[PDB]
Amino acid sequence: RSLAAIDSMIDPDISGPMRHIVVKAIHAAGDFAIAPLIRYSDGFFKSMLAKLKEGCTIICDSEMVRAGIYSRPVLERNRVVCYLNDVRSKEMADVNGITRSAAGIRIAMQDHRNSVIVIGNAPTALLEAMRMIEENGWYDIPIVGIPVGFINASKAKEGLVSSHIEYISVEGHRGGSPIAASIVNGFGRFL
């Protein structure tokens, strides 16, 4: 079938598990184009797998991302959260002059230290996660950074692919909740 074909048009170097994660991402996006455009750090799979295996809090930048993670094996030992509507989020958003998305990420990360960050929408939420991780030295936290937007989104993801943070992202303008959520769901098969 379709998906059975994608699986052979993917970088032969992408080995095992990740190939599965890439296929899921391609399907969620309904666009093979992103196959050669997916980028990730050498330790992303391990970092991610560890967290999801042990059980952690999965911090999402939007409700659509949160709602998109349904893999039973994942939800078994992990909790998915979104702090967009948190009282403290809007308060800090207005005060500090940062987007509500970015503020949600900050409050969420302070509430749950053992986390995984999934960005499927706002570039500002990605930048905030990176900030938090770097300034706190929380490099155990991997990032699924798939924000949407054009130049703003690209600039944000360019920094990701340069930091000391474990991650997975997509080169270009493609991004979104379906892709972000599918990457997380893809891990269910290895839990």
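Numbers for residues come from their place in the sequence shown, where the first is 1.
Taking the mean C-alpha B-factor of each stretch as recorded, 79-87 and 112-120 are not equal, and the higher mean is that of 79-87.
Averaged over their C-alpha atoms, the temperature factors of 178-186 and 14-22 are higher for 14-22. Within the selection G145, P142, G68, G159, the deposited Cα B-factor values reach their highest point at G159. In this PDB entry, the Cα temperature factor of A153 sits in the top third of its chain's modelled residues, the highest group.
When the CA B factors of the chain's modelled residues are split into thirds, the value for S41 lands in the middle one. Compared with the other modelled residues of the chain, the Cα B-factor recorded for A50 ranks in the middle third. When the CA B factors of the chain's modelled residues are split into thirds, the value for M130 lands in the middle one. For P73, the recorded CA B-factor ranks within the middle third of the chain. Only modelled residues enter the ranking.
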